[PDB]
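Only one chain comes next, encoded as structure tokens, the form solved without this ligand.
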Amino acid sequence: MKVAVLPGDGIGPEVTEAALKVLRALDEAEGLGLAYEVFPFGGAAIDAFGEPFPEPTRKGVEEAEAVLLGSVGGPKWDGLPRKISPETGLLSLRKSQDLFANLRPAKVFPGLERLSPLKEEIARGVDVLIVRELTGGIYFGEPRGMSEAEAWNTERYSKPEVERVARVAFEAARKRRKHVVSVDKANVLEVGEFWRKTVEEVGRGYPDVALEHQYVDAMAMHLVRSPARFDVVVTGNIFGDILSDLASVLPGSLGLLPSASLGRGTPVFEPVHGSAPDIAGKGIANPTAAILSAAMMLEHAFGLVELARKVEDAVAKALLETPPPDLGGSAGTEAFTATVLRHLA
């Protein structure tokens, strides 16, 4: 288990270490063979090195089996060439590993249904994984243009593009509830139709997973009306972008969410939340997303499903007994971790 840790800025260092606390606990208990190294990245790298993703790091990530990322950026670096901004470093990391799928879970922890914008009856049991295609679609599609009279943008997809992302959805599903929902716009768009036909074909290779298809428009209504019925959801770049933001509001605290990006290279696990520089060094940062990313790591990069679920379990309980401030509570960073560990051992 060779992990590259890129603590990042602001609260990165503190929340990341909390994850490490957890990984370290499991290595000891389960004899996992954990081997990790921390590398400069983000604001910290620009400052110590003049650039966000220095060669030692790049080499660091390439020689590892997983990257655990903290948070990156802040006001301190809002005014530099894009050539060397924290965000560009993130962008480069992702490209260097040719990461084509973005994984984003949305789950309502038993007893935390109160923070959801939805009624409790509906919020209860939500546990959805949105798999978004990250390299193709309209966002990158050519021809693109603007006039004084019109503007155009092309939504285009290749069989191989659809194929790869679909493959990650099926593999993701087998480790979960083995139920996949592909989202297209088949009734109206050629692209939609092509996407549907390809996922159906790929699907033949995974008899152990149920496959269903839905219109993005229908899917939007369903993520509100009965989000508890989905497992894995896969779709294009723009639709996945919309559907993950939507789903991200279900649990009611955009601070509890981890995120993973898979592809050909070393996989990246990272909390969805920001840097929150105001809080750096105070203790108090909620390590929940960092821990949940550590857990994403065990499952998706190491296939250690059993453990990932163990950890998820621990945080679920930690959240109830010693909820952090962000959840109307007082447990600071260390306090919270401690309680997670307690349900670990």
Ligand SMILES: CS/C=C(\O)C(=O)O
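The first residue of the shown sequence is 1; numbering continues from there.
Beyond the structure shown, there is the form solved in complex with this ligand, which is absent from this document and is the topic of what follows.
S.K.: State yes only if every one of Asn102, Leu134 and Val272 has a non-hydrogen atom within 4.5 Å of this ligand in the deposited bound form; otherwise state no.
M.R.: Yes, because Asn102, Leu134 and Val272 each have a heavy atom that approaches this ligand to within 4.5 Å in the deposited bound form.
S.K.: I'd like to know if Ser259 sits close to this ligand in the deposited bound form, meaning any non-hydrogen atom pair within 4.5 angstroms.
M.R.: Although this ligand is absent here, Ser259 would touch it in the deposited bound form, with heavy atoms inside 4.5 Å.
S.K.: So in the deposited bound form, is this ligand close enough to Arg167 to count as touching (4.5 Å, heavy atoms)?
M.R.: So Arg167 does not count as contacting this ligand.
S.K.: Is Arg94 part of the interface with this ligand in the deposited bound form - any heavy atom within 4.5 Å?
M.R.: Although this ligand is absent here, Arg94 would touch it in the deposited bound form, with heavy atoms inside 4.5 Å.
S.K.: Counting only non-hydrogen atoms, which stretch in 263-271, 112-120, 197-205, 142-150 is within 4.5 Å of this ligand in the deposited bound form?
M.R.: In short, 263-271.
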